[PDB]
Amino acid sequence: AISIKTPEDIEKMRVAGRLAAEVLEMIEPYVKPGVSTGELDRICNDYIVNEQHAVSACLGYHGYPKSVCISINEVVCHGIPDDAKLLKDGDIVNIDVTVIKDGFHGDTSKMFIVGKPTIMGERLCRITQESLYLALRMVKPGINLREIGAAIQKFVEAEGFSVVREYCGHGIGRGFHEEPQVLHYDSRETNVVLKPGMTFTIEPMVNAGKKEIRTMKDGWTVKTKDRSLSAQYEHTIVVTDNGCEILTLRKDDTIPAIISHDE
């Protein structure tokens, strides 16, 4: 059931969302050529635990081995931090974070371009973040989630990219994943009219090539079937009386934290 968060819970969600975003702001200086994804994960975990006094919702979830998910280039999601995996110039890397604090979850991720960027890499990431932004600008009471999914897809496909169908955004609160499902493409099964108090994520996964994906034998790593690049950005938001409030905004975001549609 889609729950409406109380003002009190929403504040707890702001706290958790801020922490999740700060993990990403903290890790920035470390995302450099030569660094291992394994070390990046250890830095985030130490920060979450020793500094934020929070916990990673990913650790142990369905047996997931690390504190954050780190996906590089062709890897679509659930990449596993590994000490032998080194970042290099041109890489596009997603670091996905979910922390629990005072019982509530903050879920967010962003792409990082390592060293000297590649134009195609920058473009994929830019378009992906823009697809998230256009969706955020649509969130307000009364709108149907299907309209947002359709808009994300239209935009992405127009750029010659594709949207991954296997994964979606989700309601969030005392639980990591709660109703409703937030598809990033058009579907007849989607009929969710938004209302104030609802909290959920928007996190499109976009492939530069075809939408098809495959999972590696490690049981976790998901890559694009055609080995094209894939990018993802995610934000946790709360629907307000006249729009929405992004709970995981970072200083590098270029969209307002509070979006209002009132005159």
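Rigid core: the largest C-alpha set superposing within 1.5 Å between the two forms. Numbering starts at 1 and runs along the sequence shown.
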*Following superposition on the rigid core, is the mean squared CA displacement, expressed as RMS, greater for 28-36 or for 214-222 in 8 other deposited structures of this protein?*
214-222
*As stated in the PDB record, which stretch has the larger average Cα B-factor, 212-220 or 41-49?*
212-220
*Name the higher of the two by mean Cα B-factor in the PDB entry, 22-30 versus 223-231.*
223-231
*Per the PDB entry, which option out of 71, 128, 109, 162 has the greatest Cα B factor?*
162
*Please rank the C-alpha B-factors of the chain's modelled residues and tell me whether residue 204 sits in the lowest, middle or highest third.*
lowest
*By the record's CA B-factor, is residue 252 among the lowest, middle or highest third of residues in the chain?*
middle
*Where does residue 94 sit by CA temperature factor within its chain: lowest, middle or highest third?*
lowest
*CA B-factor placement of residue 158, once the chain's modelled residues are sorted into thirds*: highest
_For residue 79, the third of its chain into which the C-alpha B factor falls_ = middle
